[PDB]
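**Student:** Let me start by giving you these chains from the complex, positioned as in the assembled structure:
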Amino acid sequence: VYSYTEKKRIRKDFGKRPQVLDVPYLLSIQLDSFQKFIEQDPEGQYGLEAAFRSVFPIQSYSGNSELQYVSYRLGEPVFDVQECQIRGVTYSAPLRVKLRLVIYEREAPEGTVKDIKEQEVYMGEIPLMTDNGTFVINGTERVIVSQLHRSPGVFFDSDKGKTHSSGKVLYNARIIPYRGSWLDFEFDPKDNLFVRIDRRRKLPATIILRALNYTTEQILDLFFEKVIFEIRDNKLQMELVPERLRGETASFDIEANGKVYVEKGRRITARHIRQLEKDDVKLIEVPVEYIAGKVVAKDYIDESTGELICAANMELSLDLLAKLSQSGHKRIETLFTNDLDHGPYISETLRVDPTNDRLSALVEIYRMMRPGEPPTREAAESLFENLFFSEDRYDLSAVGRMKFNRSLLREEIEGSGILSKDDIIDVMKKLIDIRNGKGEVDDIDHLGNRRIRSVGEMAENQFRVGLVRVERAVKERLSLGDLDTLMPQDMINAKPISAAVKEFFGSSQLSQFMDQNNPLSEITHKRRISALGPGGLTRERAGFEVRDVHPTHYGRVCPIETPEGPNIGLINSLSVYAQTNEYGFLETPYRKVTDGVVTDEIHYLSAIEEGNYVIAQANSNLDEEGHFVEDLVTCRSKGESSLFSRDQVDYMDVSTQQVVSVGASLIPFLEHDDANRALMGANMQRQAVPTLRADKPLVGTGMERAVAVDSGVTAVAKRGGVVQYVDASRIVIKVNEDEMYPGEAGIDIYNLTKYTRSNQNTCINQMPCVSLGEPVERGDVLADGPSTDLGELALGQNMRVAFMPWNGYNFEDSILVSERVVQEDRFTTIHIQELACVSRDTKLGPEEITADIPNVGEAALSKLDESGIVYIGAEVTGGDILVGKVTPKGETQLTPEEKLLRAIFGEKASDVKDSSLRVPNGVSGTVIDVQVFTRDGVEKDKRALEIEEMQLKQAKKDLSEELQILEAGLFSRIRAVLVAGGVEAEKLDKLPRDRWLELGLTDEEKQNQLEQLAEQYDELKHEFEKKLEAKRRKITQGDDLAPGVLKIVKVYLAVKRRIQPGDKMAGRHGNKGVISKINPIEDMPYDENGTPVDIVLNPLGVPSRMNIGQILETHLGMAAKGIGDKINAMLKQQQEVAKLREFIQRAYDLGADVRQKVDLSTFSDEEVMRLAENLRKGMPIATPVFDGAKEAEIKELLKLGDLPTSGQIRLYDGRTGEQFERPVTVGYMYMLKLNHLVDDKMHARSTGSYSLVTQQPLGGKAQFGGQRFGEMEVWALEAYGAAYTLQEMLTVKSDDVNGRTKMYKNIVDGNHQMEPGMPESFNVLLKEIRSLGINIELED
């Protein structure tokens, strides 16, 4: 089966691997993120209920006053998205939250609270996204790029190389929470471990451990093992375990139980370990020099005097040993030290600790936390417990605890959002083990450790940032507010909640207006992953390790899509099938491979679970019933490609496109070009500009049917049906009875958007693609938007292209285009510039938009209307008054009599200043629309009245269509009601019943039904009138503009810019360039048939910049045209539908084992004619990104037509008229006009205004400003001679205000001689330095 949009023009596809999972929603990421934000979520999960159950309730300072929370609700949108974009208001919704205030009297620890006040309050408004995932803040539609940061938890970094220049590897354990303060355990070139908090001073970890109710003994017994040295009768015996002595040479005679085991100088091997274990020996004979090198663990206080003799962390000496032997302490607890098993790191860290108890530890740690202000053990412990053990400054979320437990080999996955002592113990143990060699360091360039955050998470974060301030405010207000003060309404405040959310959505490094110039640009802008911004690495202080792509990005991060420039690899694009995980990671769909069959079931694998299983390749040749054609298949076990068997395989790829992004997937033959050219084309295909007539791309990739639909630029049919009323502006769809609503239904009205300004000043417009009576299905396309064609993405245009040097006009990168393209209106676009003039409320009288501009020619006023605004459709070329802006400067209180008299007799209006806005010099165009908005209270002019009447008439037409439909329905109903009285009906109700409902006879049922229908009619009329009045009041109410302004006037100038030598164009394989010049048709090459080629490229840029695929594409394009040509030869010559169907079937049944397998016998023999009409200009061919066609397929497709197999045709020169030897290849190529046309680059300034702070010419093109002479240009000039030239360029032409005037006067009369003079800026620094105590003085 095929949809109706496919039956209009079905696109021939290629490929042999049939897909198993359909392409998901392209905008599903942001849509799902926003849907998981505004919804009633139980158990306080993500969105808004987390901020309501983690913050509320709130209690005063033991005031027995609590503020509870019940629920929240989103208000209705105060404006439609269209009206929102028009008025520039925020597309937001109120937040009605039902709070609960419970207050009780004093002296009640748990007294039953009374006088519960459950009140609903409105606290700020939240912006909503449309069905396209775009936020309309102020007229423009901005978006939020999903950021990529480090997942909360722990990391184990290995610092080496340039670390302290010691050549020793260091291991640092960084614990980073989701919201709070960081922690870092670090090492030194020595064996000393230290701790730090937020890059503070280096302090040992023993003190930060002792602060958490711990002692040195607990430290050593938790970190180090237990070594027993007993004081026997003699020899100071010691317990032996055969595992500790491994790696250490015997420094004495290892003997026990009267049986020698190891001599002095022999190591104990595994066999010796087994021999000593088979005897089960513990006690041996150990000399004194062995214990004399160890260190005592615990303090061994004497019992005769009660004084400590051998303190902790002190190696045993002669006196200490004598004291511990003469006191009576037999049991000796010591620690173990072995650089290969347990390196000494707790002993040195304990001995470097200046503190010994928990109290002084807190004091020192606080003295570190904040310099000075030493507390009497009051602020030390409280700050220490608030920075790392309180939910107020430590918000490690569920993902943080999950990573914490998974990293430490902990069986659990959940816990608490607060740190713990044993957690620090475990992470320090892990650091010690990773230093000793046990374990591996956790790399940071791994997606398992890199977590993404969508718009919902940052929105909730900003909501909490505002909520903490509102909580501080309400707590300081309730801290002394007693019982029975007021309802819980003024206790809360709108600010800064609304302020915080507005500054987040409006002004941030990631909340950015989206490039509304290309549907593909829109799809690739929302599916973007950023690493900068809040909590991200700066672009000027990044390393080469983050820019590179990790092999874990297979199917998760696209490696061939990144902006070319400073941020390479930092800004990426999300894969097509990629999804976000519950915790915030990126999952990829795969197929579960069983022992014998590859089941067609989907499993979303995570980044951490990558190395666990093995993934098969997408293009792996497989037989039927899920079996591989070869036992030896290619796979990847753990981030490394390898070759496995048909049994070890566990998972298979879902498709061949899961690696490429949606942006680069539109590039055909992507497996036949280098990464550099494909990357450059991916960044250029995003910057395409729609033309006047978008042409369908011949060499498609199949994805064009999705990007055009999944975007928000095409009018998608929400409900299928028949197209009743077609119009260039609106479309009416009559819903079919099967899916129509069973009660109070109607028809759908899709109001297309006309030529309106976009974010990139690009003409965006929607055009219909269906006619009357054509049935449409639900989800089908209804009207083609910008750069679309019959529900298919049409970025640029296909043209006849050849590859041969043509007199150097394709010298390096330049393209040559025939005059046919500029003649056929092919590469001409429209630019819509917005010019705004505001009538600010100034002193000495307000500003007016009157039209009586004095001291100006009447021809300049002839363009304005009676109000002062130019008409709709007036051409302007140079600076012309298009708005009548005046500003009073002199005397106030202009009397209306004399005011109108000035326009008739007497003098003119002096207090004007001629502040009327005009268009900048150079830019031309035709005004097409005017936008005016007034301040509340200010009387509107007549043009605002006209435009509001126009929009009211549009709404009136819509509501009148609805009313007439419902009224015809109701009157058919009344005909069916009084049909019992058919004779009176047919005699006096044919014409007049449409206005003479008043009738009556046989009341018993007739009066009941008639009164019920009159009730329904009157209710319908009243409801329609109420809706109309609400719409009118919504479209007529004034709009707030700015503090101290009257009204804002916006005008749109739409200029049609065509192709011309200077514009920049490119294909889709990284073959960019500038158009050389326009050549006539008689000068361009042409084939032996007489068809001149429109474009010729440089065939020399193909070998070096290795992108051969385009050439393939070109060949394929030719084949496409061939089919179309044949179809033309079958359409121009009237041919029976049988031959046409046979040819189309032969074309669609090409011998390539394609998964298409369409059947032409199922068509109605009438839609075949429409299809052939849609194919006469070419045959749209689809090829996958990796399952594309081989060379033989293109060869046999060319063989289907009369085109040559080689693809190279002999061309005849247009100028000379001879035959070009070495037959040049020629075909059809899809090309794009970039958004870098010459009309916004060429600029020159002779003399203009100068800056006020420094006498220097201005810069830029918007203002009349010249270029800038850089310092490197000064170096280049100094390399040459040109002392006079440099003095002229730097002093007289740039800085000398008295010199440039003299130079101008000398030039305007023919005097080529300058004066060095003295630079003002030199004199400026001269003055400043003179003004400073370090003065200066010119000498002779």
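**Tutor:** That came in fine, so what should we check first? Residues are numbered from 1 along each chain as shown, chains lettered A, B, ... in the order given.
**Student:** What residues does the closest residue to residue A:1297 other than its chain neighbours make contact with?
**Tutor:** Taking C-beta to C-beta, 6 or more residues apart in numbering, and ignoring the residues beside it in sequence, residue A:1297 has residue A:1255 as its nearest neighbour in space, at 4.2 Å. Any C-beta I mention is one placed from the backbone N, CA and C, and that applies to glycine too. Contact partners of residue A:1255, counting by C-beta atoms under 8 Å, 6 or more residues apart in numbering, are A:1295, A:1296, A:1297, A:1320, A:1321.
**Student:** what does residue A:89 give?
**Tutor:** A:78, A:79, A:138, A:1039.
**Student:** rewinding a little: which element, helix or strand, includes the residue nearest to residue A:1297?
**Tutor:** Using DSSP states H and E, residue A:1255 falls within no helix or strand.
**Student:** gap between it and residue A:390?
**Tutor:** 60 Å (C-beta to C-beta, to the nearest Å).
**Student:** ok, back up a step: please flag which of the contacts of residue A:89 sit within helices.
**Tutor:** Using DSSP state H, no member of the contacts of residue A:89 sits in helices.
**Student:** can you redo those residues as JSON lines with distance to residue A:649 and neighbour count?
**Tutor:** Below are these laid out as JSON lines (distance: C-beta to C-beta, whole Å; neighbours: other C-beta atoms under 10 Å):
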{"residue": "A:78", "distance to residue A:649": "57", "neighbour count": "15"}
{"residue": "A:79", "distance to residue A:649": "56", "neighbour count": "17"}
{"residue": "A:138", "distance to residue A:649": "54", "neighbour count": "16"}
{"residue": "A:1039", "distance to residue A:649": "63", "neighbour count": "14"}
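**Student:** farthest-separated two in those?
**Tutor:** Across the contacts of residue A:89, the longest distance by C-beta to C-beta is 14.9 Å; it joins A:78 and A:138.
**Student:** so how many other residues sit close to residue A:1320?
**Tutor:** Using other C-beta atoms under 10 Å, residue A:1320 has 20 other residues around it.
**Student:** doesn't residue A:1299 make contact with it?
**Tutor:** No: contact between residue A:1320 and residue A:1299 fails when scored by C-beta atoms under 8 Å: they sit 9.4 Å apart.
**Student:** if we take the contacts of residue A:89, which one ends up nearest to residue A:1331?
**Tutor:** residue A:138 (44.2 Å).
**Student:** wait, isn't that closest one in contact with residue A:506?
**Tutor:** Yes: Residue A:138 is within contact range of residue A:506, at 7.3 Å (criterion: C-beta under 8 Å).
**Student:** and the end-to-end length of stretch A:1330-1340?
**Tutor:** Start-to-end span of stretch A:1330-1340 (C-alpha to C-alpha, to the nearest Å) is 18 Å.
**Student:** and chain B, same structure:
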Amino acid sequence: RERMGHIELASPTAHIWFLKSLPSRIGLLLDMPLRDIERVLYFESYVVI
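**Tutor:** So that you can see how it sits with the rest, here is chain B on the chains above:
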């Protein structure tokens, strides 16, 4: 643009650059560390002459 004025300070003030130039010139001109000079200037201690 070129003509200037003057503020008549009732209390003469020493320049800051001769104090925090790292090292300071007055600190080496007076053979006195920068800490004593900063404590004298900011009105916390005295110094004989």
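**Student:** try the neighbour count of residue A:1320 again now we have chain B.
**Tutor:** 22 (other C-beta atoms under 10 Å in any protein chain shown).
**Student:** Around chain A, pick out the residues from chain B.
**Tutor:** Contact residues, chain B versus chain A (C-beta under 8 Å from any C-beta of the partner chain): B:1, B:2, B:4, B:15.
**Student:** ok, and the closest non-adjacent residue to the last one?
**Tutor:** The spatially closest residue to residue B:15, leaving aside those adjacent along the chain, is residue A:1333, at 5.1 Å (C-beta to C-beta, 6 or more residues apart in numbering or on different chains).
**Student:** Next, that neighbour: secondary structure please.
**Tutor:** coil (DSSP: H, G, I helix; E, B strand; the rest coil).
**Student:** The residue in chain B that chain A sits nearest to - how many residues pack around it?
**Tutor:** Relative to chain A, the nearest point of chain B is residue B:15 (5.1 Å; C-beta to the nearest C-beta). Applying the criterion other C-beta under 10 Å, we find 12 residues in the vicinity of residue B:15.
**Student:** and the residue nearest to residue B:15, how far is that from residue A:724?
**Tutor:** On the measure of C-beta to C-beta, residue A:1333 and residue A:724 end up 86 Å apart.
**Student:** higher neighbour count, the two?
**Tutor:** residue A:724 (15 against 11).
**Student:** Hmm, residue A:736 and the more buried one touching each other?
**Tutor:** No: judged on C-beta under 8 Å, residue A:724 makes no contact with residue A:736 at a distance of 11.7 Å.
**Student:** measure residue A:641 to residue A:635 for me?
**Tutor:** Using C-beta to C-beta, residue A:641 is found at 8 Å from residue A:635.
**Student:** before we move on, what about residue A:1186?
**Tutor:** Distance from residue A:1186 to residue A:635, by C-beta to C-beta: 17 Å.
**Student:** for stretch A:275-282, which positions count as buried?
**Tutor:** A:276, A:281 (16 or more other C-beta atoms under 10 Å in any protein chain shown).
**Student:** again, but for stretch A:341-361
**Tutor:** A:341-350, A:352-353, A:355, A:360-361.
**Student:** And the longest helix along chain B, how far out from the chain middle?
**Tutor:** The single longest helix within chain B, with elements called by DSSP H, is helix B:34-41. Relative to the mean C-alpha coordinate of its chain, helix B:34-41 is positioned 9 Å out (C-alpha atoms, centre = their mean, to the nearest Å).
**Student:** Show me what it is packed against.
**Tutor:** helix B:25-29 (3 or more C-beta pairs under 8 Å, 6 or more residues apart in numbering or on different chains; DSSP states H and E).
**Student:** Relative to the whole chain's centre, how far out is the helix it packs on?
**Tutor:** On C-alpha atoms, centre = their mean, the centre of helix B:25-29 falls 10 Å from the chain's centre.
**Student:** include chain C as well:
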Amino acid sequence: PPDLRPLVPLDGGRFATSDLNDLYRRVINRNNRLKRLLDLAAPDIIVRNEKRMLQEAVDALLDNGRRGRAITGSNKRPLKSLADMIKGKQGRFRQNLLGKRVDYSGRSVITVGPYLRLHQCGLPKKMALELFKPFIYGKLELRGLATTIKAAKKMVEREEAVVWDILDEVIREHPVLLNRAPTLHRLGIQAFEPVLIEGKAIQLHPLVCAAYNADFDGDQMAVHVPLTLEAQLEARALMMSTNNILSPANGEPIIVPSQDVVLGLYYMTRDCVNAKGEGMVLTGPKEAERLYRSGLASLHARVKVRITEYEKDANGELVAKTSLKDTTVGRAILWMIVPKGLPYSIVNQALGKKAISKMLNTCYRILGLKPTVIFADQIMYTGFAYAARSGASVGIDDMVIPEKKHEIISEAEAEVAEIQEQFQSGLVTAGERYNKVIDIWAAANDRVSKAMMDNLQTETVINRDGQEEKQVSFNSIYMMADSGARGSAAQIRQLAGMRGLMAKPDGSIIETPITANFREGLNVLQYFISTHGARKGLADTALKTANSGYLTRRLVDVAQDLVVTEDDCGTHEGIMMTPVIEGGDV
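**Tutor:** Adding chain C to what we have so far:
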């Protein structure tokens, strides 16, 4: 003075203020309060706090730098004082004396102009009218057309026809100054005679772009005018394009031909064994050109021709000798471009990139520079013309795939299979396995690349009074690569043959190469590995351009402190130069 801290009344409630004025107001407030406090006989602590506040205001306005306390709106950096206004990238010593904006300039994209000579460049009409307004004004005042300056302005804005000839007169010998956006060396700024071109883009000579390293992907070049007799004569004398042919670093010319012209000349010189006009005789280059234009003979054919070559004696004599050579028709035709100075053996070759470079070098060394520029101009003209007339074109069939490539891949696969079997059996370890698979794959890649190379230099046979005669390949891609026009040996090798080994995130070589080539479909993991290896190489340039700029800055800082002023010192100390023979041979 107030001019350096201007307070213009901005439209609306917003005002354009300067921060130094706030500190000025603060210090004036504190000074006034001190003057008023010391007159009422205030005690010590209040006047001491007042003096402390005054001193703090002074040391804050002089320089706004503290330990960690900085007052500002949102820039995370405090307000700039006069000292901070002197220092920094945006300070006076970096923004207002080093790089300054200059008027009478323009900026536009570059376009290839193949008709213009090397000593000239194109200039748009509107840009020319905008960049020479006062010259037109003065010429109109010189003539009896414009009475006042306002009349001349109204005329030039009216855009009539009597202004175009005035423009042609004022841009007849007035050279302009072209400049590239990054100026690495002095060649980034040159002088050119402007010719009026219709459009909106700057037409540039094709060859000179190599001096700027400016491709035509949308580069925006700047243009300036001397506006001074001294400056005009200087630009005509030194900064002109013709006066700068040799690089400041190496004596090799910066006038080396580009890819299009060298490809055209290589096609014109590469001769086959059998074609139209084979084995005939000609009487001169003009008759050869006529025979080629008539189509009776091919472009390249071994033909005994007669020419006249001029040789320079010890003095300024040029002896002409008429000799009969045995070369192709293309070389004899191109001989009309070579002046009398060079001999004939300089063109009796394939004329590759290095060949034509050394040809231009010898021409400049023998005949000087005055005819060398015309020689290069005619070289470019004929190269473009004959490259257009040739019809060079790369196609999907022009790249031949070796037959035994599959067999070599199978051999390498069997070798790696038996090596992995030996590793699994416990005979060899993993490190030696890697070291033994890397060189095996390298040898296989070398074998298949040599096979592709010998298969590309063959298959071009044609009956020449016989049955089979091997000759130089007329293939398009081989003519583009071997001639050194745009493609190198490694590029065409990795294109036609297997790409070979790749890199890894650590930087080492992955033990599994890419057994596919661009002509064949690449597997998804192969493309993934290749783009991983290529993203690093791509990012190196973007992360290195700024470091190279900073290095050039430091180097010119240490430099530019001297000029040559003395002719000779009269010393004898020096260094003993010797060729570098350390390591290898030399």
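**Student:** Check the contacts of residue A:1255 one more time with chain C there.
**Tutor:** Shown in contact with residue A:1255 (C-beta atoms under 8 Å, 6 or more residues apart in numbering or on different chains): A:1295, A:1296, A:1297, A:1320, A:1321.
**Student:** ok, the residues you listed vs chain C, which is closest?
**Tutor:** Nearest to chain C among those, with distances taken as C-beta to the nearest C-beta, is residue A:1321, at 5.1 Å.
**Student:** hang on, the earlier thing: in the contacts of residue A:1255, which residue is surrounded by the most others?
**Tutor:** That'd be residue A:1295 among the contacts of residue A:1255, by other C-beta under 10 Å, with 27 neighbours.
**Student:** Excluding chain neighbours, what is closest to that one?
**Tutor:** residue A:1319 (4.5 Å).
**Student:** who's in contact with residue C:383?
**Tutor:** Here residue C:383 is in contact with A:808, C:257, C:260, C:261, C:262, C:263, C:264, C:265 (C-beta under 8 Å, 6+ apart).
**Student:** And for it, nearest residue in space, chain neighbours not counted?
**Tutor:** Nearest to residue C:383 is residue C:261, by C-beta to C-beta, 6+ apart, at 3.0 Å.
**Student:** pull the longest helix from the chain.
**Tutor:** You didn't pick a chain, so chain A it is. helix A:942-977.
**Student:** Hmm, no, I was thinking of chain C.
**Tutor:** Assigned via DSSP H, chain C shows its longest helix as helix C:524-558.
**Student:** in the chain, which residue is closest to the centre?
**Tutor:** Since you didn't name a chain, this refers to chain A. Closest to where the C-alpha atoms of chain A average out (C-alpha atoms, centre = their mean) is residue A:145, at 2.2 Å.
**Student:** ah, no, chain C please
**Tutor:** Per C-alpha atoms, centre = their mean, the C-alpha nearest to the average position across chain C is that of residue C:213, at 0.4 Å.
**Student:** Kindly report the same for chain B.
**Tutor:** Short answer for chain B (C-alpha atoms, centre = their mean): residue B:14, at 3.4 Å.
**Student:** and stretch A:962-974, how far from the chain's centre?
**Tutor:** 48 Å.
**Student:** hang on, I meant stretch A:1258-1265
**Tutor:** For stretch A:1258-1265, the distance to the chain centre is 32 Å (C-alpha atoms, centre = their mean).
**Student:** Can you point out the buried residues in that stretch?
**Tutor:** Quick answer for stretch A:1258-1265 (16+ other C-beta under 10 Å): A:1258, A:1261, A:1264, A:1265.
**Student:** how close does residue C:284 sit to chain B?
**Tutor:** Plainly put, residue C:284 is 75 Å away from chain B if you go by C-beta to the nearest C-beta, to the nearest Å.
**Student:** Which secondary structure state does the residue nearest to that residue when sequence neighbours are not counted sit in?
**Tutor:** Counting by C-beta to C-beta, 6+ apart, the nearest residue to residue C:284 once its immediate chain neighbours are dropped is residue C:306, at 6.4 Å. Secondary structure, three-state DSSP: residue C:306 is strand.
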